[PDB]
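Written below as structure tokens is the structure these notes are about.
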Amino acid sequence: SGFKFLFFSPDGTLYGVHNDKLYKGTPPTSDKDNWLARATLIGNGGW
Amino acid sequence: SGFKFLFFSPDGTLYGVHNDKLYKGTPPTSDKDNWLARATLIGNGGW
Amino acid sequence: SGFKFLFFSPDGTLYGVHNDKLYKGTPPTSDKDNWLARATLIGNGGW
Amino acid sequence: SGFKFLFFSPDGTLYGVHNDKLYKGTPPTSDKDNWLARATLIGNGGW
Amino acid sequence: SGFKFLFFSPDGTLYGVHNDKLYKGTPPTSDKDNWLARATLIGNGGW
Ligand SMILES: CC(=O)N[C@@H]1[C@@H](O)[C@H](O)[C@@H](CO)O[C@@H]1O
Ligand SMILES: CC(=O)N[C@@H]1[C@@H](O)[C@H](O)[C@@H](CO)O[C@@H]1O
Ligand SMILES: CC(=O)N[C@@H]1[C@@H](O)[C@H](O)[C@@H](CO)O[C@@H]1O
Ligand SMILES: CC(=O)N[C@@H]1[C@@H](O)[C@H](O)[C@@H](CO)O[C@@H]1O
Ligand SMILES: CC(=O)N[C@@H]1[C@@H](O)[C@H](O)[C@@H](CO)O[C@@H]1O
């Protein structure tokens with residue numbers, strides 16, 4: 001399923017909508033980085 | 001049904017299309033922030 | 001119908017694909033702004 | 001006849017995926033500009 | 001199915017989601033460029 005939206009802010013922060021929730025964080029630089037687990041949850045639903 | 005589009009302008013304003021309407025505003029400050037309730041309505045339909 | 005694509009250029013111009021046509025213009029600032037009626041048509045189809 | 005992706009690079013170049021091919025070029029400035037006929041094909045398949 | 005997302009970071013790095021994996025790299029230079037073969041894998045699943 002994965003993300004519904006996945007996009008950058010002009011400040012370089014990666015944003016994503018995943019299971020109707022909004023997340024942000026620095027983009028991963030390696031495939032061992034569990035991005036979703038460490039991303040900042042900034043929206044609990046509705047996205 | 002969530003958003004149809006969700007994207008940034010170059011100055012870091014978040015834009016979104018929700019129920020055919022267009023909204024803009026600073027991005028959510030936390031998961032406590034009801035963005036859609038405070039976003040500026042900039043289009044009533046047709047998006 | 002609504003837009004198929006709706007996105008910004010780095011100079012802050014809003015671009016949209018609507019009914020296979022490509023449009024650009026300054027983003028709307030209020031819900032009184034009929035954006036599609038004033039946007040510059042820059043592609044008459046195929047988008 | 002219908003793009004899959006259509007988006008800007010931060011350097012102002014328009015990118016588009018059309019039928020599994022990737023194209024780039026300066027954005028069109030009028031509806032007389034046949035963009036896809038003059039765009040640089042930078043990817044042939046897999047997009 | 002090709003890519004699910006395909007988008008730029010603000011410094012001009014191309015990001016893409018392909019078969020649930022996240023890749024980044026300089027954008028394709030020409031159709032001689034096998035982008036997916038040389039892109040950096042930065043996320044293995046979940047995208
Ligand atoms: C699209 C939108 O604004 N969603 C928000 C959600 O992110 C936030 O967690 C909640 C707090 O009450 O309010 C809204 O539902
Ligand atoms: C896509 C578009 O330009 N929609 C606008 C809408 O946002 C605005 O509220 C209305 C004002 O009359 O005109 C148009 O319908
Ligand atoms: C996808 C694309 O390049 N479409 C263009 C269209 O925008 C333009 O109005 C027309 C002019 O002849 O040529 C092409 O159809
Ligand atoms: C998604 C991707 O990297 N596609 C490329 C394609 O654009 C390029 O023309 C071809 C060259 O052999 O290699 C790959 O298929
Ligand atoms: C959406 C997300 O954060 N996916 C990551 C994936 O990129 C990474 O390869 C994996 C490491 O085990 O962790 C998570 O699955």
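Every chain in the structure tokens has a letter given in the order shown (A, B, ...), and although residue numbers restart at 1 in each chain, ligands are simply numbered from 1 in the order shown.
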
Can you pull out every residue from chain B that DSSP, working from the backbone, puts in alpha helix (DSSP H), and format the result as a list in words?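 Answer for chain B, restricted to alpha helix (DSSP H): residues 35, 36, 37 and 38 of chain B.
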
With only C-alpha atoms and all ligand atoms counted and 12 Å as the cut-off, give the residues of chain E in contact with ligand 4, each with its shortest interatomic distance in Å and the pair that gives it, as CSV.
```
residue,atom,partner,partner_atom_place_in_ligand_line,distance
E:1,CA,ligand 4,1 (C),10.8
E:2,CA,ligand 4,1 (C),7.2
E:3,CA,ligand 4,1 (C),7.6
E:4,CA,ligand 4,1 (C),11.4
E:5,CA,ligand 4,1 (C),11.8
E:6,CA,ligand 4,1 (C),10.3
E:14,CA,ligand 4,3 (O),11.6
E:15,CA,ligand 4,1 (C),11.4
E:16,CA,ligand 4,1 (C),9.1
E:17,CA,ligand 4,1 (C),10.3
E:18,CA,ligand 4,1 (C),8.5
E:19,CA,ligand 4,1 (C),11.2
E:23,CA,ligand 4,1 (C),10.6
E:24,CA,ligand 4,3 (O),11.3
E:25,CA,ligand 4,3 (O),10.7
E:26,CA,ligand 4,3 (O),11.7
E:27,CA,ligand 4,3 (O),9.8
E:28,CA,ligand 4,7 (O),7.3
E:29,CA,ligand 4,7 (O),9.4
E:30,CA,ligand 4,9 (O),7.1
E:31,CA,ligand 4,9 (O),3.7
E:32,CA,ligand 4,11 (C),4.8
E:33,CA,ligand 4,8 (C),5.3
E:34,CA,ligand 4,13 (O),3.5
E:35,CA,ligand 4,3 (O),3.6
E:36,CA,ligand 4,3 (O),3.8
E:37,CA,ligand 4,3 (O),6.3
E:38,CA,ligand 4,3 (O),8.1
E:39,CA,ligand 4,3 (O),8.3
E:40,CA,ligand 4,3 (O),11.8
```

Selected residues written out with N, CA, C and O atoms, as a short mmCIF file (atom, residue, chain, number, x, y, z; two decimals), in the first residue's frame:
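Listing of selection17.cif after writing:
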```cif
data_model
loop_
_atom_site.label_atom_id
_atom_site.label_comp_id
_atom_site.auth_asym_id
_atom_site.auth_seq_id
_atom_site.Cartn_x
_atom_site.Cartn_y
_atom_site.Cartn_z
N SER E 1 4.15 -1.25 -14.47
CA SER E 1 3.54 -0.17 -13.69
C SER E 1 4.50 1.02 -13.57
O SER E 1 4.07 2.15 -13.30
N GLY E 2 5.79 0.76 -13.78
CA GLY E 2 6.79 1.82 -13.70
C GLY E 2 6.84 2.44 -12.31
O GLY E 2 6.69 1.77 -11.29
N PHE E 3 7.04 3.75 -12.28
CA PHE E 3 7.17 4.44 -11.00
C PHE E 3 5.81 4.79 -10.39
O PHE E 3 4.83 5.05 -11.09
N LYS E 4 5.77 4.80 -9.06
CA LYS E 4 4.63 5.25 -8.28
C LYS E 4 4.72 6.73 -7.95
O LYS E 4 3.71 7.44 -7.99
N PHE E 5 5.91 7.21 -7.60
CA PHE E 5 6.17 8.62 -7.40
C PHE E 5 7.44 8.96 -8.15
O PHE E 5 8.31 8.10 -8.33
N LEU E 6 7.56 10.21 -8.58
CA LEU E 6 8.77 10.68 -9.26
C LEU E 6 8.86 12.19 -9.07
O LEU E 6 8.02 12.91 -9.60
N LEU E 14 16.82 13.77 -8.09
CA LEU E 14 15.59 13.08 -8.47
C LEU E 14 15.32 11.94 -7.51
O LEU E 14 16.22 11.14 -7.24
N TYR E 15 14.10 11.87 -7.00
CA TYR E 15 13.65 10.76 -6.18
C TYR E 15 12.56 9.98 -6.92
O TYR E 15 11.74 10.57 -7.63
N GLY E 16 12.51 8.67 -6.72
CA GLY E 16 11.45 7.88 -7.32
C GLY E 16 11.10 6.68 -6.47
O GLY E 16 11.96 6.11 -5.79
N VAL E 17 9.84 6.28 -6.52
CA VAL E 17 9.39 5.04 -5.88
C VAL E 17 9.07 4.06 -7.00
O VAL E 17 8.29 4.40 -7.91
N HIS E 18 9.68 2.88 -6.96
CA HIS E 18 9.55 1.87 -8.00
C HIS E 18 9.53 0.52 -7.30
O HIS E 18 10.42 0.25 -6.50
N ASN E 19 8.50 -0.28 -7.58
CA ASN E 19 8.30 -1.57 -6.89
C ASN E 19 8.48 -1.43 -5.38
O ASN E 19 9.25 -2.16 -4.75
N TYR E 23 14.34 5.41 -4.43
CA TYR E 23 15.62 5.64 -5.08
C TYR E 23 15.87 7.14 -5.19
O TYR E 23 14.92 7.93 -5.29
N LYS E 24 17.14 7.53 -5.20
CA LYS E 24 17.50 8.90 -5.55
C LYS E 24 18.75 8.92 -6.41
O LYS E 24 19.60 8.03 -6.34
N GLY E 25 18.89 10.00 -7.19
CA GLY E 25 20.12 10.20 -7.96
C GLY E 25 19.98 11.47 -8.78
O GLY E 25 18.89 12.05 -8.90
N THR E 26 21.11 11.90 -9.35
CA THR E 26 21.00 12.97 -10.33
C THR E 26 20.02 12.52 -11.40
O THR E 26 19.90 11.32 -11.68
N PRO E 27 19.27 13.43 -12.01
CA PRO E 27 18.26 13.02 -13.01
C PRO E 27 18.92 12.42 -14.24
O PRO E 27 20.12 12.65 -14.49
N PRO E 28 18.18 11.65 -15.03
CA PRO E 28 18.75 11.02 -16.23
C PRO E 28 19.34 12.05 -17.18
O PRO E 28 18.73 13.10 -17.44
N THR E 29 20.52 11.75 -17.71
CA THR E 29 21.19 12.70 -18.59
C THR E 29 20.73 12.56 -20.04
O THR E 29 20.74 13.54 -20.79
N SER E 30 20.30 11.36 -20.43
CA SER E 30 19.84 11.08 -21.78
C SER E 30 19.24 9.68 -21.76
O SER E 30 19.31 8.98 -20.75
N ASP E 31 18.66 9.27 -22.89
CA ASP E 31 18.15 7.90 -22.93
C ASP E 31 19.25 6.84 -22.86
O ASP E 31 18.91 5.66 -22.69
N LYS E 32 20.54 7.21 -22.96
CA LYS E 32 21.63 6.26 -22.72
C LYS E 32 21.78 5.92 -21.25
O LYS E 32 22.46 4.94 -20.91
N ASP E 33 21.14 6.69 -20.38
CA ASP E 33 21.34 6.63 -18.95
C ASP E 33 20.33 5.66 -18.35
O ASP E 33 19.13 5.95 -18.31
N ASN E 34 20.80 4.52 -17.85
CA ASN E 34 19.96 3.57 -17.13
C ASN E 34 19.85 4.04 -15.69
O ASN E 34 20.61 3.62 -14.81
N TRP E 35 18.88 4.93 -15.46
CA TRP E 35 18.77 5.60 -14.16
C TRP E 35 18.54 4.61 -13.03
O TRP E 35 19.22 4.66 -12.00
N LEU E 36 17.54 3.74 -13.18
CA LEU E 36 17.23 2.79 -12.12
C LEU E 36 18.42 1.90 -11.78
O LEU E 36 18.61 1.51 -10.62
N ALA E 37 19.27 1.59 -12.77
CA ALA E 37 20.43 0.74 -12.48
C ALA E 37 21.50 1.44 -11.65
O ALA E 37 22.26 0.77 -10.95
N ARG E 38 21.59 2.78 -11.72
CA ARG E 38 22.64 3.53 -11.02
C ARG E 38 22.12 4.35 -9.85
O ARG E 38 22.92 4.85 -9.05
N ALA E 39 20.81 4.51 -9.73
CA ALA E 39 20.26 5.28 -8.62
C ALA E 39 20.60 4.62 -7.29
O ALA E 39 20.74 3.40 -7.20
N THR E 40 20.74 5.45 -6.25
CA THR E 40 20.99 4.94 -4.90
C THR E 40 19.70 4.41 -4.29
O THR E 40 18.69 5.12 -4.24
#
```

Which of chain A counts as strand (DSSP E) under DSSP, as a ChimeraX atom specification please? /A:3-8,14-18,21-25,40-43

Can you write just those residues out, N, CA, C and O atoms, as a PDB file, in the first residue's frame?
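Okay, part.pdb is ready:
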```pdb
ATOM      1  N   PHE A   3       2.615   4.853   0.576  1.00  0.00           N
ATOM      2  CA  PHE A   3       2.214   6.239   0.755  1.00  0.00           C
ATOM      3  C   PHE A   3       1.176   6.663  -0.276  1.00  0.00           C
ATOM      4  O   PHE A   3       1.178   6.192  -1.416  1.00  0.00           O
ATOM      5  N   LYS A   4       0.302   7.587   0.134  1.00  0.00           N
ATOM      6  CA  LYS A   4      -0.628   8.239  -0.787  1.00  0.00           C
ATOM      7  C   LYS A   4      -0.013   9.484  -1.419  1.00  0.00           C
ATOM      8  O   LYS A   4      -0.194   9.732  -2.615  1.00  0.00           O
ATOM      9  N   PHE A   5       0.714  10.272  -0.629  1.00  0.00           N
ATOM     10  CA  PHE A   5       1.509  11.376  -1.134  1.00  0.00           C
ATOM     11  C   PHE A   5       2.915  11.230  -0.581  1.00  0.00           C
ATOM     12  O   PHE A   5       3.107  10.744   0.541  1.00  0.00           O
ATOM     13  N   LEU A   6       3.894  11.703  -1.348  1.00  0.00           N
ATOM     14  CA  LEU A   6       5.290  11.671  -0.908  1.00  0.00           C
ATOM     15  C   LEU A   6       5.995  12.802  -1.639  1.00  0.00           C
ATOM     16  O   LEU A   6       6.098  12.743  -2.867  1.00  0.00           O
ATOM     17  N   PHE A   7       6.469  13.818  -0.910  1.00  0.00           N
ATOM     18  CA  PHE A   7       6.883  15.058  -1.563  1.00  0.00           C
ATOM     19  C   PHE A   7       7.782  15.855  -0.645  1.00  0.00           C
ATOM     20  O   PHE A   7       7.759  15.679   0.573  1.00  0.00           O
ATOM     21  N   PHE A   8       8.603  16.724  -1.253  1.00  0.00           N
ATOM     22  CA  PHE A   8       9.497  17.589  -0.486  1.00  0.00           C
ATOM     23  C   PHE A   8       8.906  18.965  -0.213  1.00  0.00           C
ATOM     24  O   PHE A   8       8.229  19.553  -1.058  1.00  0.00           O
ATOM     25  N   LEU A  14      11.299  15.891   3.869  1.00  0.00           N
ATOM     26  CA  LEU A  14      10.406  14.967   3.182  1.00  0.00           C
ATOM     27  C   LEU A  14       9.088  14.827   3.947  1.00  0.00           C
ATOM     28  O   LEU A  14       9.082  14.658   5.175  1.00  0.00           O
ATOM     29  N   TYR A  15       7.975  14.946   3.222  1.00  0.00           N
ATOM     30  CA  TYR A  15       6.637  14.804   3.784  1.00  0.00           C
ATOM     31  C   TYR A  15       5.974  13.602   3.142  1.00  0.00           C
ATOM     32  O   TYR A  15       6.174  13.340   1.946  1.00  0.00           O
ATOM     33  N   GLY A  16       5.168  12.879   3.904  1.00  0.00           N
ATOM     34  CA  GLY A  16       4.424  11.772   3.316  1.00  0.00           C
ATOM     35  C   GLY A  16       3.092  11.572   4.001  1.00  0.00           C
ATOM     36  O   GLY A  16       2.951  11.819   5.198  1.00  0.00           O
ATOM     37  N   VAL A  17       2.104  11.126   3.235  1.00  0.00           N
ATOM     38  CA  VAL A  17       0.805  10.734   3.781  1.00  0.00           C
ATOM     39  C   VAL A  17       0.754   9.215   3.724  1.00  0.00           C
ATOM     40  O   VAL A  17       0.944   8.623   2.659  1.00  0.00           O
ATOM     41  N   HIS A  18       0.523   8.587   4.877  1.00  0.00           N
ATOM     42  CA  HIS A  18       0.585   7.138   5.004  1.00  0.00           C
ATOM     43  C   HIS A  18      -0.526   6.740   5.955  1.00  0.00           C
ATOM     44  O   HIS A  18      -0.563   7.235   7.087  1.00  0.00           O
ATOM     45  N   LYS A  21      -2.472   9.554   7.649  1.00  0.00           N
ATOM     46  CA  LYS A  21      -1.726  10.359   8.602  1.00  0.00           C
ATOM     47  C   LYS A  21      -0.621  11.121   7.875  1.00  0.00           C
ATOM     48  O   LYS A  21      -0.131  10.681   6.846  1.00  0.00           O
ATOM     49  N   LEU A  22      -0.207  12.255   8.424  1.00  0.00           N
ATOM     50  CA  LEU A  22       0.852  13.053   7.818  1.00  0.00           C
ATOM     51  C   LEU A  22       2.131  12.932   8.630  1.00  0.00           C
ATOM     52  O   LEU A  22       2.106  13.060   9.857  1.00  0.00           O
ATOM     53  N   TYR A  23       3.254  12.710   7.933  1.00  0.00           N
ATOM     54  CA  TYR A  23       4.577  12.573   8.530  1.00  0.00           C
ATOM     55  C   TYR A  23       5.561  13.512   7.854  1.00  0.00           C
ATOM     56  O   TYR A  23       5.425  13.827   6.669  1.00  0.00           O
ATOM     57  N   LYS A  24       6.597  13.904   8.596  1.00  0.00           N
ATOM     58  CA  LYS A  24       7.692  14.658   7.997  1.00  0.00           C
ATOM     59  C   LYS A  24       8.998  14.230   8.642  1.00  0.00           C
ATOM     60  O   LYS A  24       9.022  13.746   9.773  1.00  0.00           O
ATOM     61  N   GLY A  25      10.093  14.419   7.909  1.00  0.00           N
ATOM     62  CA  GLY A  25      11.407  14.120   8.453  1.00  0.00           C
ATOM     63  C   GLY A  25      12.464  14.279   7.387  1.00  0.00           C
ATOM     64  O   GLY A  25      12.170  14.386   6.195  1.00  0.00           O
ATOM     65  N   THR A  40       8.395  12.317  12.087  1.00  0.00           N
ATOM     66  CA  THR A  40       7.538  13.063  13.004  1.00  0.00           C
ATOM     67  C   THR A  40       6.080  12.959  12.564  1.00  0.00           C
ATOM     68  O   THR A  40       5.733  13.335  11.442  1.00  0.00           O
ATOM     69  N   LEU A  41       5.216  12.453  13.445  1.00  0.00           N
ATOM     70  CA  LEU A  41       3.795  12.418  13.134  1.00  0.00           C
ATOM     71  C   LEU A  41       3.217  13.811  13.357  1.00  0.00           C
ATOM     72  O   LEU A  41       3.258  14.330  14.479  1.00  0.00           O
ATOM     73  N   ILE A  42       2.721  14.436  12.289  1.00  0.00           N
ATOM     74  CA  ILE A  42       2.198  15.793  12.370  1.00  0.00           C
ATOM     75  C   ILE A  42       0.731  15.860  11.983  1.00  0.00           C
ATOM     76  O   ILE A  42       0.181  16.947  11.859  1.00  0.00           O
ATOM     77  N   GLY A  43       0.087  14.714  11.787  1.00  0.00           N
ATOM     78  CA  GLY A  43      -1.325  14.686  11.508  1.00  0.00           C
ATOM     79  C   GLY A  43      -1.908  13.307  11.727  1.00  0.00           C
ATOM     80  O   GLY A  43      -1.412  12.329  11.156  1.00  0.00           O
TER      81      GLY A  43
END
```

Just need the residues of chain D within 6 Å of chain E, counting only C-alpha atoms, so spit them out as a VMD selection string. chain D and resid 9 to 10 42 to 44 46 to 47

What does the structure give for the distance between CA of residue 20 (chain A) and atom 4 (N, counted along the ligand's line) of ligand 5, in Å to one decimal?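 Rounded to one decimal, the two atoms are 16.3 Å apart.
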